[PDB]
Amino acid sequence: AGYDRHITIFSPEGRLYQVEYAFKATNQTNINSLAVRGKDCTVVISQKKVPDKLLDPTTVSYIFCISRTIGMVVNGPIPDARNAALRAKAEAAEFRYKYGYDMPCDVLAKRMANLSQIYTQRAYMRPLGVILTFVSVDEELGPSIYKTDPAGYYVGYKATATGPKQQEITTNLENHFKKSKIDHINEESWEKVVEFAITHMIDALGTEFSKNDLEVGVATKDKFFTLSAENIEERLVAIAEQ
Amino acid sequence: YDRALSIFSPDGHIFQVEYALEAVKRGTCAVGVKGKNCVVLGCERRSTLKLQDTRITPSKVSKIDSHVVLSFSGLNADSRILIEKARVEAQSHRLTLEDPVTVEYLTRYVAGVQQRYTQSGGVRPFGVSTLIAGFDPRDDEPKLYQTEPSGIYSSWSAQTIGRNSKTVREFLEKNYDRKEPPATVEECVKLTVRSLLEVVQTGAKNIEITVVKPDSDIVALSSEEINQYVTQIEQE
Amino acid sequence: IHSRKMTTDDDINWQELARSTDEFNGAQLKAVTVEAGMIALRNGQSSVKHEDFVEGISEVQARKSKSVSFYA
Amino acid sequence: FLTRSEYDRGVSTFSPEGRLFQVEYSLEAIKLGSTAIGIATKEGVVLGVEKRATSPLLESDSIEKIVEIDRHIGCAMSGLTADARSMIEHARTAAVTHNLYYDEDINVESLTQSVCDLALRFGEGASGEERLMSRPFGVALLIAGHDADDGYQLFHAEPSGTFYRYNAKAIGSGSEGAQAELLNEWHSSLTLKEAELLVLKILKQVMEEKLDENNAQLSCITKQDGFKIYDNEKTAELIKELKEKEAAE
Amino acid sequence: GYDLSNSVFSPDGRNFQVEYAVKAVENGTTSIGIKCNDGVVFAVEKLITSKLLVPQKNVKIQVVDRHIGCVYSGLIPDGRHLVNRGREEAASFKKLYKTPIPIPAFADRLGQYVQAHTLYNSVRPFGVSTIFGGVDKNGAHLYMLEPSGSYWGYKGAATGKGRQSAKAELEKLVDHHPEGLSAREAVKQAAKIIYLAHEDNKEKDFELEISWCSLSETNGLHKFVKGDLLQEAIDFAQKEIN
Amino acid sequence: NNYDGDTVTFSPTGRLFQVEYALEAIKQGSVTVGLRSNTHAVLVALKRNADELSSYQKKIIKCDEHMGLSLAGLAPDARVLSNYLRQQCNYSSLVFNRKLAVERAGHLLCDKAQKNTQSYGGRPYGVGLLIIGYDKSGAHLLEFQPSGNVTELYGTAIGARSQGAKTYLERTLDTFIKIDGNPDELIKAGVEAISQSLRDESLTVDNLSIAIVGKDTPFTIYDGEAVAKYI
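Residue numbers (PDB author numbering), protein chains in the order written: chain A, 10 to 251; chain D, 4 to 239; chain M, 363 to 434; chain E, 2 to 250; chain G, 7 to 248; chain F, 4 to 234.
Shown next as structure tokens:
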């Protein structure tokens, strides 16, 4: 019928144009993210950009703290970002409540994936236009990255990037794990993994950075933290002295 | 679902009632004539199809109480719903008010029943029209009513509905008399058989007759009986 | 500006008319000043009163009356 | 047919007119109604209806449009009567409720107004109360009555949800030819029988069949006798006495 | 025909609905929020449309709980609904946790509520920009809330028709005082820049409203400016623009 | 119907056309004029008959013994809103032992309109109300729109030819503010105000409907031969 794509219904090609369109709204902030696995840590960086000075820079964020061990990095519009953040925090509380231990990242990936599926099966839900990266350090699975997308599909990774120009970053990561011959960087301090990540980002995007142009989130064991600008500056200085 | 299946029309109507009436025009034809002490409902059955079991299949005249019959034209599938509701109401009356229904009250109920699926949302009207006939208890006046899918109810001296009802109606103006019904039951029966042979034609196997006499006597005449009556009409 | 062409009486007040017409465009207003002298011809005059322009408000506007109202 | 309309997809939607279209349509379904004439005097109110035969096989003395609400309120329906079927039940209930609560006769106006509240419930689900209709009613009532506080009243109840108190009113198909005559012939010095014969008069002219007691029906509301439906014999007498005064001109 | 509903997407990343709501907001009057060191100062331009009105008898700034001022532009009845909703949520928090709601928490709540109206065919996204802020115990904060369900931190925010002028003037005010100014001193500045934002609007006459929530002068409660103080601000602006 | 249809749509102009359609309900309504001094509020409504055998249709609904509303536009909508207002006024008398304030009730009414403007399958009400009352803060006259806008004015009008009343009130504005303790004068000024908004629809003693509220006077409706003192 004339409506195949104002509601979630297959096309004559056997398809969902609507969900496609969701994927075509993940590149509007044009933020890029890069996430790699250390040996005992997980590191993720994202861009920060403010179009005006009259914003306060602190509040502009894309790294959202969901659990105490799971960080969430969002690619796509910020309204949907906030709705997703709220969803996830609810589910985390509820897992702790019903099973007696904090939510694993894997379980969260899947819970959020199924909610996604439900938004693309009900004829009056609009799907989220956000790709979520879940970074964690598990004690049963180790440092892990799970990526879910508006489809409700998710997959694991050794490393991954997101954004409009994230192919460049894919090249970088590919070559890096080509030389290393192993699925994670062998580094025993989270600092140097931040450093490596920023190096690959400068190479990939072709542009140098500053403390107010970055945003860094680190998942160590049994915690998650974000660095402030002051600590990011120090990483940048130690890059030049490699 | 609470969306309308009934849209008001600027014509002064609702399209679906018009469409319902059409549906009722495509249905098989029923005739109703009341004597002085009887009621006679004659109905066309299409037994033109062969190898049809007719023993186990309900006639197109349904007893709704021990003295109240209902015949119908229009959507066959739909009618059964009305029929169940009506039998239910029949028992309710005895339960709370005590003394089987009267024809008028039951007629009124059916009227409201078909009306409701017009005015409600989420529902389309029934395209079914009924002839309700019978007796009141403690009484011996035949009462013959007609309800139509407009949710409007009528009394009639005689009436016909279904396919090509106009032809038989013209016949009835001219062979039934407002002043005088045919007083013997048999003559009434044969008047209606003679009516039916206008349109029904093609032998006397498609004709069905139910006759009701007060004191709760509903009997349906089998094909043999009809054969005799028809042949008499044929000879004359 | 229109009424300067035609001959009027000397009892006319151009604010009275302008109060009693609200949201009238210049074509409508041209269409009152002409309309007054129709009425003057029908009465049969040679001068155009100040009462006539007032009746050309109703006879010619843009719309025939507010409409039939049944509970508006 | 298919008159140009921008909106028939909602049932509560505007309309560059500034008013509802469905309500407008409803008032165009009262022009197919069988004529009901009603003369209100200060001595009683007279409700006359043409019963409207359609076949000589149709029994027309077992159908009627005069419907009793209660002993002191009568009502005549014209338009689509399947809708009136519901409304009249509701009104009867309301009256009985008032007499339960107050042991008192209900005002003619209060009743008319209650049924107007009923008329305006069409919708998909909107304001604080649930819509249990989806399309407006297409039937208008002439509610006649007598109360001891304002005397005799005759009200025209609209499918709009609006009510106007009339001193005489005709509805149906022949309503305009009747109302032209109402405007001229009515006054406040009428008597009961004079108004009665006036009804039969104006019913004659909107008669599409012929006037006799088999397609025409009278009913009155009087103070000390209540609501009384005139049987057919009495109606016949009045019709013949009209024919006497018609041949005196 | 992707302009028909909010739950539709388009292959341009657009959801035409929501963009159109911004044009409803562009129809409102100037409304400014000045973030000062001590608190926040709101001001609204109140057009005097006719000489039949009762002056200073209509408020477009309404408080929620007692320490969060809310001033909105766009559709006045619609924004009115939004403020009512936010008071319900504020009272809920206050009952459940025994403390007046924090300003970031408030921000979460209202953002979610407006984000909700784009996920269902059943509703229409609100066409209002809100500016709300105040003093809580973790300091003064300021937020501007989009009809899109987006918001950010701000050192100065504005909306309305004379937003052009106001934004530029605020840029200057942060260039005069890169360490900020007093909420006492900001009364006069709100007067100033509303007056400057009425030359794009100089069809009419207007009345100035100012209100403020600062820790140093109202003790952290949202109060209105009046009397000699209000009239002095008026005179200040008046002399500047002549 | 491109963007014009539905109470859910935008409208590349930022608008919605349903609202303007509903304001046409005001335009095809009959004129009504409200004016207030500091001690009395007066509503003067032009009733209107359907025909000569018909009576006039009321235009002023008593809400409370200090509070009144008068409709302009569709009667059936006015009916929903008037019930609502009486409900919460009796509420406030019950729970707070307090008269319901005018300023407040405007806001309640505001939200009640907003939410049929929110949901699909609603409609904006096609009736604009003038609500007068006298409370502990004095006289008040509120103007209520189909938009859901409540405004406080010294004197206003709605209906057909509402403009001709506003101009009249623009001249006589500072007259009727200085008249206080003499309700008669305010009533006469309102009769004169609505004289400017006639279509040669002459003021009769059963076409004009007056209602007043005072410092010392409950809300009253004058009709019949009570209005002859002013005509």
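Yeah, the Cβ is synthetic: ideal placement off N, Cα and C, and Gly gets one too.
The beta carbon of F/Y6 lies closer than 6 Å to those of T12 and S14 in the same chain, with the five residues before and after it left out. If you check the CB distance, D/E211 and D/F174 do not come in under 8 Å. No Cβ of chain F is located within less than 8 Å of the beta carbon of M/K426. Interface criterion met: the Cβ of E/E60 is under 8 Å from a Cβ in chain D.
Chain order gives the chain E residues near M/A434 as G19 and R20, where near means a beta carbon separation below 8 Å. At the C-beta level, D/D14 and E/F22 stay beyond 8 Å of one another. Residue pairing by DSSP places M/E378 opposite no residue, since no beta bridge is assigned to it. Relative to D/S123, the option among E/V200, E/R132, E/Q114 and E/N215 whose CA is nearest is E/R132. Here F/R39 carries a strand assignment [DSSP, helix/strand/coil]. Distance from the CA atom of D/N167 to the CA atom of D/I135, rounded to whole angstroms, is 20 Å. The C-alpha of F/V216 is placed about 18 Å away from the C-alpha of F/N93. For E/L133, no beta strand (DSSP E) encloses it, and the DSSP letter there is neither H nor E. Assignment of beta-bridge partners to D/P145 by DSSP yields D/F138. Counting only residues of its own chain and dropping the five nearest sequence neighbours on each side, F/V34 has a CB closer than 8 Å to the CB of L49, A75, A160, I161, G162, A163, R164, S165, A168, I197 and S200. Remark: C-beta atoms of G/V141 and G/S220 approach each other more closely than 8 Å. Within the same chain, and ignoring the five residues on either side of A/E100 in sequence, the residues whose Cβ sits closer than 8 Å to its Cβ are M112, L117, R120 and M121. Any Cβ of chain A closer than 8 Å to the Cβ of G/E177 would place that residue at the interface, and such an atom is present.
Counting along the chain, no alpha helix (DSSP H) covers A/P86, and no H or E run does either.
Counting C-beta atoms within 10 angstroms of its own C-beta, F/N185 has fewer than 16 neighbours from the protein chains shown and is therefore classed as exposed. At least 8 Å separates the CB of A/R24 from every CB of chain G.
When Cβ pairs closer than 8 Å are counted between the two stretches, the stretch 153–162 of chain G is seen to touch the stretch 172–189 of chain G, the count reaching three or more. Put simply, the stretch 138–146 of chain A touches the stretch 70–89 of chain A. At least three CB pairs are less than 8 Å apart. The beta carbon of D/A93 is closer than 8 Å to those of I67, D68, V71, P103, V104 and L109 in its chain, skipping five residues each way along the sequence. Shortest Cα-Cα distance from E/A127 to any of F/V83, F/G141, F/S57 and F/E23 involves F/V83. A check of alpha carbon separations from A/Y133 across A/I18, A/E250 and A/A249 identifies A/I18 as the nearest.
In this structure, the CA atom of A/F234 is about 15 Å from the CA atom of A/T67.
An exposed status is given to F/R202, since fewer than 16 other beta-carbon atoms sit within 10 Å of its beta-carbon.
Contact annotation: the stretch 179–195 of chain A does not touch the stretch 215–232 of chain A, with fewer than three C-beta pairs closer than 8 Å. Sequence-ordered contacts of the stretch 108–142 of chain A with chain G read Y133, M134 and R135 [C-beta pairs closer than 7 Å].
Take the alpha-carbon of F/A53 and the one of G/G133: they are about 41 Å apart. Per DSSP, reduced to three states, the secondary structure at D/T205 is coil, with no helix or strand assignment. With contacts defined by Cβ atoms closer than 8 Å, F/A104 and F/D138 form a contacting pair. With a beta-carbon spacing of about 5 Å, A/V225 and A/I54 fall inside the 8 Å limit used to define contacts. For A/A31, the residues of chain G that pass the 7 Å Cβ criterion are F15, in the order they occur in the chain. Scanning the stretch 94–119 of chain D from its first residue to its last, no whole alpha helix (DSSP H) run of 4-plus residues comes out. Closer than 8 Å to the CB of F/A53 there is at least one CB belonging to chain E.
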